[PDB]
Structure formats: C-alpha cells, structure tokens
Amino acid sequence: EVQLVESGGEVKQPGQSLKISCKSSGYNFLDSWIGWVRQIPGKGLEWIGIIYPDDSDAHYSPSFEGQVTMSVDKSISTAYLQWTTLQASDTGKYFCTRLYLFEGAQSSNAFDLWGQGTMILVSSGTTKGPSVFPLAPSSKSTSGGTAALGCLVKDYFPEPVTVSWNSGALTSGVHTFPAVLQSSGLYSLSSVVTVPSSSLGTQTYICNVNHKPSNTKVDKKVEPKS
C-alpha cells in the first residue's frame, strides 16, 4: 500500500546525536517532495523542511536550519532527519509526509501522505520508579452518598505507568488520568475511584501501580483519614 513508515520513538540525552528515518512505499519515491513537521505534545504543527528525493534539493525552515539535516538514500526509499547535538528543545513528535502534485486542470500540491510519527524525548532525567501516596476518601456527592478516593503516582520517568485497583478486581467507577510533566522533568499522575460512602468502613481499596521501565511494582492501601 501507499504509505510512509517511520522509525521507533526514542528517549535521548541532550548533547547526543540522532538520526530518524522514514521509509516510503507504494509510489515513485524519487518524484515527490518529502516534508518534515514537528509537533510538540499538545501543540500545533511546525514545518521543518522539504527535500526532493531525486536530487536532494532542499528548503529548510529558518527555525530548524543548521540544527537538523535532511537527506535521503534513493536505493532504499528512505528519508532521514539527523541532529549532530540534541537539545531539550528538540523534544517532539516528528512526522514525515509526502507532497503530492495533483495534475488537474490547474496544478497544485498538498501533503496527502503522512507517516505515523516518531516521538523524540530529549531529557536528562534518569529512569525512576514513582512514589505512590494514598488520597484518602473525601466526600464527592455533597455528603449525599458517594466519595472519591485514589492514588497519587509521583515522580517517575519515563511514561507510562499502569494502575489497577484490588489486583484488577475493581474496575467500576475508576478513572486513571493522563500524566503531567513537572518542571523537574519527572511525570506524575493520579487514579481515582468513586465509591459509596457506606463502603469506606467495610470495603478495601488497594491501588496496584506498575512502572515497567524501572521494574517498579507498588501496592498501596487507601484508607479513610485519621
């Protein structure tokens, strides 16, 4: 099929070199411009540059010029983006895309094919397991009948962590939030369970947190305050 397949995501340290790839298939690789775009998580699309595979003619964005280099290997239908020295500001999801030339009544171009993206995280943070703290039951439904309790999964790197309750036995009323990235470069998230206030004195609540990168497994009992 007609597509662009990019290399795998990586966590890099600032100062390190990097080269990511984009393998094209399904059409004549040499004849269509290839573009690169970066998207910082939660932000918009930022143009990096375009390169013509047949002759390597290239146009760069002033924001990326001299910081990254575009190249292609015609023999293997692959386009690359490379850095000599990474900076934390290089963090982001990098997409390669094909500029198609529509040969209609009037000619025009558009990026019709897009790779799946390559997530590059440039951080000086070391792989670390989180500290898990209980979030003791607190009235949720105006002291009517439900309460909210949970677990704070603090300071881990990199993502992700998985959170279960009662070894997977409890699934109803559970919500595990996306993580936040704090100024320390470490992530934190919370998982909350909404439960009947009348159960706080009978039912047991244990959150099971697993952070595979650090081989960290923690079980934390969440009990009512005092």
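Note that residue numbering begins at 1 and tracks the sequence as displayed.
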For this session: Tell me which of 132 to 140 and 149 to 157 has the higher mean C-alpha B-factor in the deposited entry.
Result: 132 to 140
Exercise. Is the mean CA B factor in the deposited entry higher across 97 to 105 or across 114 to 122?
Worked result: 97 to 105
Problem set entry | Residue, from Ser21, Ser25, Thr216, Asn208, that the PDB entry assigns the highest Cα B-factor | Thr216
Exercise. Looking at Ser61, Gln39, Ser190, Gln182, which has the highest Cα B-factor in the entry?
Worked result: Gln182
Seminar exercise, completed: Entry-reported C-alpha B-factor of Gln82 relative to its chain, by third, is middle
Seminar exercise, completed: Assert third(CA B-factor, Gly168) within chain per record equals highest
Problem set entry | Chain-wide C-alpha B factor ranking for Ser32, given as lowest, middle or highest third | lowest
Problem set entry | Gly49 - Cα temperature factor, lowest/middle/highest third of chain | lowest
For this session: Would you please rank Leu4 by its C-alpha temperature factor against the other modelled residues of its chain and give the third it falls in: lowest, middle or highest?
Result: lowest
